[PDB]
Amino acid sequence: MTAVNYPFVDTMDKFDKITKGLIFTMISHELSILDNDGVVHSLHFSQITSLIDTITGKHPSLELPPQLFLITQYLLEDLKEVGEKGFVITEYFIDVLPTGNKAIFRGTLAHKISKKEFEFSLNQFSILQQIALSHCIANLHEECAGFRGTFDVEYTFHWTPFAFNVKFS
């Protein structure tokens, strides 16, 4: 019986003490998180995954273009409907406002010439949401890859089919 030890013993020991604490037989699938203030927030495994995946950028939703990301995240049914009527976003601005946790999603729809303009004040645009949207901007082109994990910064992302830019305030 060739005795073989696990390579990451110490790292494994941490997992054991945690997993052993989740036993109640089954695993609770829910981990408590302690913040700076000292408050425990009970989050399910799926929520912890989502929080980490968004901050790291591995979340599948962060591959979406910034506009499509906002549309999927804020349930912008009106902009889906105009897409089904032959309209496409020809230009859009995302104004991120850290104070107030808002995001102004404004732009111009065109048939391609009929043109409709839109404007949405996306509330609750927290730090997490600011990080996520920076991942969408960075995944559009390698030119914007440096703008990744940017939060608590007021900026406007201007997009056209010919140029994309981030202007700071």
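From 1 onward, residues are counted along the sequence shown.
The segment from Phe24 to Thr25 is interrupted, since 4 to 9 residues of the deposited sequence in that interval carry no coordinates. Deposited sequence between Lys112 and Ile113: 10 or more residues lack coordinates. As listed in the deposited structure, the average C-alpha B-factor of 31-39 and of 119-127 is greater for 31-39.
Annotation for 13-21 versus 157-165: the higher mean temperature factor (C-alpha) is found in 13-21.
Ranking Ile48, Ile137, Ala103, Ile55 by the C-alpha B-factor listed in the PDB entry places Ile137 at the top. Split the chain's modelled residues into thirds by C-alpha temperature factor. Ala132 is in the middle one. In this PDB entry, the Cα temperature factor of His141 sits in the top third of its chain's modelled residues, the highest group.
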